[PDB]
Structures are given as C-alpha cells and as structure tokens.
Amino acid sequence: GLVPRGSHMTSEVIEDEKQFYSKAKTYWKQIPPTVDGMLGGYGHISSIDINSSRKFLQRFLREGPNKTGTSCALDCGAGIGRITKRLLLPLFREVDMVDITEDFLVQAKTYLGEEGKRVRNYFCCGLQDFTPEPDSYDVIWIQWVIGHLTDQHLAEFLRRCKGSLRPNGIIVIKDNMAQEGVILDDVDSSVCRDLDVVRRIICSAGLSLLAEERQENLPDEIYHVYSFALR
C-alpha cells in the first residue's frame, strides 16, 4: 500500500498551508504575554534553558582566532523577549526582534525594561515573509519557532538568514526534535521534526554545521531539544 510507517516531511502532515499559518497566528493571539506563555507551561525551566544557551553561545564569542562579533543579534520568533532579556542583551550591544504577534512585541517594551532601550528594531512579521538585512547580524537566534514554518519556507528563511550574517557570524536553531518522523500538533498548528529532517533542511539552505548539542536537564515528558550552530 501507499501509507508509510511514518511521515518525514511537512507536506505529508499539513493539509492546507494557508490554514496552517492562520490557525497558528490565532493560537498565539490567545496566549498570555508572559514567560510561562512563551514556554507553554514550562516557565519553571527558563533558567535551565538560558544558562545552557549562554554556555553554547559563549564558545563562539569568547574562543578561537575567528570570534563571532557582539555588535548585533537578531532574535527570531522572539515573543516578549525572554531570550532577548537574559541571553542576548547582556552579550550584544544591539538586538533586533522579529515576531508575528504584535502584542508580544508591545509587551517586550515593558518586559525588557531599561536594557530594552538597546533593542533597535521590533519587526512584526512572519518568518516566512521576513528578509533579514544582508550583512547585518553577528548572531541570528531562532528558538522554539521552526515548527511553525513549512519545509520550503524554513529552507528559504534559513538561506535568507545566511546572507544576513556578518563575518564570523552564526545562526543558531534551538528547538524541539522528534524521536522519529514529522509530528503535527493541531492545537498550536506546528510540527516537530526529527534530527534527520532538520539536517536535510539545514543542508538545503546551504548551511554548514558548527555544533550540535542536546539540551540536558529538561522535563522528562517533553520532546528532546537541540541547538545547532550554523553558517
């Protein structure tokens, strides 16, 4: 028969792309603009996430003969700025945020406080329609949002990101990874892809892998989380 043991691409699980995006936008409009909202009930592990991210990122900023710069970072799917506040603003002179949900960007101005004055651009845009400026960012940080893009949109978005990197710049993807295949969450309208699927998409964007690390110390019941450094 034609029905495979499992799916391995978004075209196998997404019935209608327009509805996939519109349902996701509606979902996020209804979420409280809080850390626990950003983390789907896992606000209590925000520090575990941030501290591991900092260690992951610092190697690129502090070590080697070709250090990644600290002039400008872009936080993708930034929400209210959980990551911008504790990871990026303390490390970069300037940060831009991009998110589809304007109310989160509005909340960010309050959430980020005084240090938020160093957030330059608040881009309200879906990643699928967003073009980061060429030769502009030292670090493009993409976390807990890749499941909201189709495979074609994710591949193209990553390709646009590559052109946006400054010399020695990197893209970091940190996100849920499925044990096997591609799994649809029809409640928030997103997918979770396995490591192989994500590797294929990274390759198709013309990106090279610099580091790949599984997040330790997370809740037992959740999908595994991986960080990929790319350029």
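The numbering used is simple: start at 1 and walk along the sequence shown.
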query: 116-124 or 142-150, whichever carries the higher mean Cα B-factor; finding: 116-124
query: Between 45-53 and 63-71 (mean CA B-factor, as deposited), the higher; finding: 63-71
query: Which of 163, 181, 40, 32 ranks first by CA B-factor in the deposited coordinates; finding: 163
query: Candidate set 24, 14, 210, 222 [ranked by C-alpha B-factor, highest]; finding: 210
query: Third of the chain's Cα B-factor distribution that residue 157 belongs to, per the entry; finding: lowest
query: Position of residue 201 among the chain's modelled residues by C-alpha B-factor, lowest, middle or highest third; finding: middle
query: Residue 186 by Cα B-factor - lowest, middle or highest third of the modelled chain; finding: highest
query: Position of residue 134 among the chain's modelled residues by C-alpha B-factor, lowest, middle or highest third; finding: highest
query: Within-chain third of residue 10 by Cα B-factor, per the entry; finding: lowest
